[PDB]
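This report refers to the structure that appears directly beneath it.
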RNA sequence: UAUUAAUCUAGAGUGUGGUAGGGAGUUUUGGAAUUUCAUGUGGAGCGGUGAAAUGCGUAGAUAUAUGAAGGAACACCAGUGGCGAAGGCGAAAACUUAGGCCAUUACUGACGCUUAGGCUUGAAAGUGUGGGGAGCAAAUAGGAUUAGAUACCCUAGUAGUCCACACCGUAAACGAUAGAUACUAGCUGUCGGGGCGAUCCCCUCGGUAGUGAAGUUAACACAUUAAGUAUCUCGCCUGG
Ligand SMILES: [Zn+2]
């Protein structure tokens with residue numbers, strides 16, 4: 001179940017679906033692996049890249065909720 | 001990891017998170033080569049793939 | 001007709017043919033495909049006139065740009081090929097050249113040798129009758 | 001090539017001087033324009049930057065030569081009011097082919113599949129259906145013509161049945 | 001920054017002849033120029049040096065072929081800077 | 001010699017006489033061995049109940065026989 | 001076969017469109033944590049190991065919270081993963097740049113493989129010059145153990161470990177498997193591209209794993225990515 005491949009999202013960008021990226025962040029400020037997110041490897045890598053960029057941009061926290 | 005409501009139900013997950021924190025902390029306190037890092041990481045991944053399937 | 005599968009020739013014709021025929025013999029297959037050449041043609045008909053293979057038809061496209069050829073091998077109902085062993089003496093950079101007076105006889109005449117002296121392919125015994133020696137293609141037994 | 005930039009302003013200050021900073025950093029560009037000044041408004045900071053707790057996020061959407069950013073880069077760091085200067089380029093992994101853009105069909109059908117407000121919750125997103133439209137769009141032919149009619153032959157079978165009889 | 005389509009029409013002999021070795025050698029010369037500028041700019045981009053060597057040797061093979069088949073085929077091509 | 005009820009996973013060259021029948025389904029098994037048993041019993045002078053019988057005798061009781069794939 | 005006169009496109013390259021990737025270099029940014037310092041809170045032990053002991057501690061350590069500084073390396077994404085010819089490459093961004101993949105009626109027309117010699121790269125350690133130096137840590141000192149300990153343990157602790165410019169050219173630099181080409185059962189996967197087409201699945205062209213037939217192998221094992229069937233070339237070996 002890769003919902004991005006299911007819907008054919010076909011593109012990811014930072015400021016359009018921020019809540020879709022909080023859904024993937026763990027409650028303890030860490031990236032959830034494949035076993036939780038269920039995404040394909042390439043979409044998961046893109047999400048990790050975008051979440052790192054948001055991490056840089058002071059959009060998501062570092063060590064707490 | 002802030003989670004506690006009344007008495008104990010939080011504590012079981014506290015043991016879980018403490019176990020994983022200890023797991024993540026033990027391998028960043030003793031130095032050895034990067035090749036050992038990679039090989040041990042692959043060994044752990046193989047253990048997860050063979051036991052938890 | 002309309003083989004609808006891309007094929008490409010390996011290298012020198014004699015080896016390109018022998019490798020395919022040996023692999024087909026071992027794999028118990030029926031036919032193999034390869035590009036066609038006049039020397040490969042000549043060896044094909046000199047073999048079939050000895051009865052060592054089934055249908056072989058040279059094929060071209062709707063033009064004379066590419067010519068290919070396939071062939072089936074002489075089998076039995078018990079499914080055993082007519083070919084026993086194949087080995088080439090001529091080799092790129094290792095051409096052999098044999099006068100008639102020292103012509104070799106494959107497996108006391110049981111085998112077949114291909115000797116293209118001056119008129120193309122011919123049997124070793126008919127070349128001995130011709131007493132014409134020359135270049136030797138390969139051993140077939 | 002397209003450019004995308006996220007601007008961080010010095011937080012608690014009012015919204016108007018932030019747009020003054022917008023224009024001030026708009027003059028920092030080389031011969032590139034064709035952008036929108038649309039902004040994301042005030043948002044709480046996920047973590048403190050130096051001492052502030054929130055800020056406004058501003059964006060550009062221009063597209064120009066590679067010379068565009070360098071002067072803006074050496075200006076923005078000096079300007080204490082602007083803090084975060086992400087510089088997006090088309091180096092992001094993307095695709096916009098017209099033959100593939102109409103995937104809104106997939107969106108809509110996935111939504112109907114997800115739309116199960118009725119009591120009959122028998123639908124499952126992760127479930128095969130074995131459908132077939134059978135669009136081949138591939139034949140890969142290689143025509144051949146008959147040039148020779150060499151020694152004929154027939155076909156047969158490979159069934160094995162030996163020993164003939166018992167006795 | 002290389003403008004591949006532009007140089008093609010320069011040495012082009014026909015309307016749609018793209019495999020004529022003149023255009024490939026011209027593009028190789030321009031790419032070698034750009035890669036030389038890049039290499040003198042970045043003394044430590046070693047993979048660029050590998051690519052530059054590959055391209056100059058490829059040009060060498062192309063020119064050897066050209067000067068071998070027909071002696072008069074490259075009369076108009078010696079006008080391009082070489083050696 | 002040997003004769004076998006060779007399923008799709010067997011090796012044909014080993015067995016002398018090949019009978020490509022499905023042995024996973026019990027109904028097919030009983031069918032085949034009953035016809036073999038009557039084919040030998042007719043030579044044993046016994047009546048061939050299932051061999052050379054026209055119809056309305058071959059059909060044997062069977063628990064629901066489907067789902068050829070196995071885990 | 002060699003030479004030469006020519007012709008063609010499947011070999012091999014260039015174009016077209018689509019396409020992935022921690023490919024590389026240069027230029028910038030970030031945060032955790034350690035250490036040091038400063039600020040408060042506090043009064044006897046701390047550290048340390050099999051057990052101890054040098055060592056640190058009322059001159060306020062450890063700890064607790066905040067701030068400053070500097071240096072190094074980039075958890076969680078992370079894989080029966082991806083890229084690179086090899087060594088290697090994973091916090092973020094920009095510029096330059098590499099090669100790669102699929103379909104290519106397009107173009108050219110055998111322009112190809114191998115490559116003595118030549119050239120380029122090449123982990124760590126080491127050398128020279130100037131910096132930088134938080135932590136770690138050769139050598140060195142001390143405390144333990146031992147019969148001895150110039151070691152294993154502990155406390156310190158220098159070169160070095162980092163950056164800029166030049167050099168060295170070695171490694172179990174390994175898949176212990178040179179490169180190129182074509183063929184030869186099968187099955188299970190996985191990743192990239194195309195089409196059909198909510199993923200799920202179908203197939204096509206490729207890479208990457210596991211299983212396994214014949215065949216090979218001294219055996220172990222390899223097996224469509226061969227150590228099989230062969231060819232071309234290079235390099236290599238002839239008891240210890
Ligand atoms: Zn996906």
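Since every read-out is calculated from the coordinates, none of them should be taken as a lab result. Backbone-built Cβ (ideal geometry, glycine too); neighbour counts: all protein chains shown.
Taking residue D:107 as meeting all but one of (1) assigned to a loop (DSSP other than H, G, I, E, B); (2) without any contact (Cβ under 8 Å) to a residue 24 or more places away in the chain; (3) within 11 Å of chain A (Cβ to nearest Cβ), write down the number of the exception.
Residue D:107 satisfies all of (1) assigned to a loop (DSSP other than H, G, I, E, B); (2) without any contact (Cβ under 8 Å) to a residue 24 or more places away in the chain; (3) within 11 Å of chain A (Cβ to nearest Cβ) except (1).
Given (1) part of a loop (DSSP other than H, G, I, E, B); (2) more than 13 Å from chain A (Cβ to nearest Cβ), where does residue D:93 come up short, assuming only one miss?
Going through (1) part of a loop (DSSP other than H, G, I, E, B); (2) more than 13 Å from chain A (Cβ to nearest Cβ) one by one, residue D:93 breaks only (2).
How about the range A:1-39: which of its residues are within 6 Å of RNA strand G (Cβ to nearest atom) and assigned to a loop (DSSP other than H, G, I, E, B)? Lay out the reasoning, then the answer.
Going residue by residue through the range A:1-39, those that are within 6 Å of RNA strand G (Cβ to nearest atom) are A:1-2, A:5-6, A:8, A:30-31, A:33-34.
Matches in the range A:1-39: A:1, A:2, A:8, A:30, A:33.
Just to be sure before I move on: is residue D:80 more than 6 Å from RNA strand G (Cβ to nearest atom), in contact (Cβ under 8 Å) with a residue 12 or more places away in the chain and loosely packed, with under 12 Cβ neighbours inside 10 Å in the structure I sent?
Working: more than 6 Å from RNA strand G (Cβ to nearest atom): yes; in contact (Cβ under 8 Å) with a residue 12 or more places away in the chain: yes; loosely packed, with under 12 Cβ neighbours inside 10 Å: yes.
Spelling it out, residue D:80 is indeed more than 6 Å from RNA strand G (Cβ to nearest atom), in contact (Cβ under 8 Å) with a residue 12 or more places away in the chain and loosely packed, with under 12 Cβ neighbours inside 10 Å.
Could you tell me whether residue A:45 is within 18 Å of residue D:92 (Cα to Cα), out of contact with any strand residue (DSSP E or B) (no Cβ under 7 Å at 6 or more places or on another chain) and either more than 6 Å from RNA strand G (Cβ to nearest atom) or at the interface with chain D (Cβ under 10 Å from one of its Cβ atoms) (or both)?
Working: within 18 Å of residue D:92 (Cα to Cα): yes; out of contact with any strand residue (DSSP E or B) (no Cβ under 7 Å at 6 or more places or on another chain): yes; either more than 6 Å from RNA strand G (Cβ to nearest atom) or at the interface with chain D (Cβ under 10 Å from one of its Cβ atoms) (or both): yes.
When the stated conditions are applied, residue A:45 passes them.
Going through the range A:23-51 one residue at a time, which ones are more than 15 Å from the ligand (Cβ to nearest atom) and at positive phi?
A:29
Only one residue in C:61, C:23, C:55 is touching a strand residue (DSSP E or B) at 6+ places or on another chain (Cβ under 8 Å) and within 8 Å of RNA strand G (Cβ to nearest atom), so which one is that?
Numbers: C:61 fails: within 8 Å of RNA strand G (Cβ to nearest atom); C:55 fails: within 8 Å of RNA strand G (Cβ to nearest atom).
Selected residue: C:23, the only one of C:61, C:23, C:55 that is touching a strand residue (DSSP E or B) at 6+ places or on another chain (Cβ under 8 Å) and within 8 Å of RNA strand G (Cβ to nearest atom).
Can you pull out the residues in the range D:43-77 that are surrounded by fewer than 12 Cβ atoms within 10 Å (Cβ to Cβ), in a loop (DSSP other than H, G, I, E, B), without any contact (Cβ under 8 Å) to a residue 40 or more places away in the chain and within 14 Å of chain A (Cβ to nearest Cβ)?
Hits for the range D:43-77 are D:48, D:50, D:51.
From the list A:58, A:54, exactly one residue is on the phi > 0 side of the Ramachandran plot and either in contact with a helix residue (DSSP H, G or I) (Cβ under 8 Å, 6 or more places away or on another chain) or near RNA strand G (Cβ under 9 Å from one of its atoms) (or both). Which is it?
Numbers: A:54 fails: on the phi > 0 side of the Ramachandran plot.
On inspection, the qualifying residue turns out to be A:58.
Looking at the range D:1-42, which of its residues are under 27 Å from residue D:91 (Cβ atoms), surrounded by 13 or more Cβ atoms within 10 Å (Cβ to Cβ) and within 14 Å of chain A (Cβ to nearest Cβ)?
Scanning the range D:1-42 gives D:2, D:3, D:4, D:5, D:6, D:7, D:8, D:9, D:39, D:40.
Taking the criterion of being surrounded by fewer than 16 Cβ atoms within 10 Å (Cβ to Cβ), away from every other protein chain (no Cβ under 13 Å) and outside any loop (DSSP other than H, G, I, E, B), would at least one residue in the range C:27-34 satisfy it?
no
Please work out which residue is farthest from the other protein chains (Cβ to nearest Cβ), limiting yourself to the range C:45-54 and to residues that are buried (at least 16 other Cβ atoms within 10 Å of the Cβ) and either in contact with a helix residue (DSSP H, G or I) (Cβ under 8 Å, 6 or more places away or on another chain) or closer than 12 Å to residue C:75 by Cα (or both).
Top of the filtered list is C:52.
Would you point out the residue of the range A:3-22, among those that are more than 10 Å from chain D (Cβ to nearest Cβ) and within 15 Å of the ligand (Cβ to nearest atom), that is farthest from residue D:44 (Cα to Cα)? It would help to see each step written out before you state the result.
Applying the first criterion (more than 10 Å from chain D (Cβ to nearest Cβ)) to the range A:3-22 yields A:4, A:16-17, A:19-22.
From the residues that got through so far, the ones that are within 15 Å of the ligand (Cβ to nearest atom) too are A:4, A:17, A:20-21.
Numbers: A:4: 28, A:17: 17, A:20: 18, A:21: 17 Å.
Within the range A:3-22, the match that is farthest from residue D:44 (Cα to Cα) is A:4.
Find the residue count for the range F:25-49, including only residues that are more than 11 Å from the chain's Cα centre (by Cα) and either over 26 Å from residue F:2 (Cβ atoms) or assigned to a loop (DSSP other than H, G, I, E, B) (or both).
6
Which condition does residue A:35 not pass, out of (1) away from chain D (no Cβ under 13 Å); (2) crowded, with 16+ Cβ neighbours inside 10 Å, if it passes all the others?
With respect to (1) away from chain D (no Cβ under 13 Å); (2) crowded, with 16+ Cβ neighbours inside 10 Å, residue A:35 is out only on (2).
Which helices (runs of 4 or more DSSP H) sit wholly inside chain E and have at least 2 residues that are more than 15 Å from the chain's Cα centre (by Cα)? Working first, answer last.
Working: elements: E:4-10, E:21-41, E:46-69.
Fully inside chain E and qualifying: E:21-41, E:46-69.
Give the number of residues within the range C:55-90 that are away from chain D (no Cβ under 11 Å) and over 14 Å from the mean Cα position of the chain (by Cα).
From the range C:55-90, those away from chain D (no Cβ under 11 Å) are C:65, C:80-90; that's our starting set.
Those still in the list that are over 14 Å from the mean Cα position of the chain (by Cα) too: C:65, C:80-81.
Summing the residues that are away from chain D (no Cβ under 11 Å) and over 14 Å from the mean Cα position of the chain (by Cα) in the range C:55-90 gives 3.
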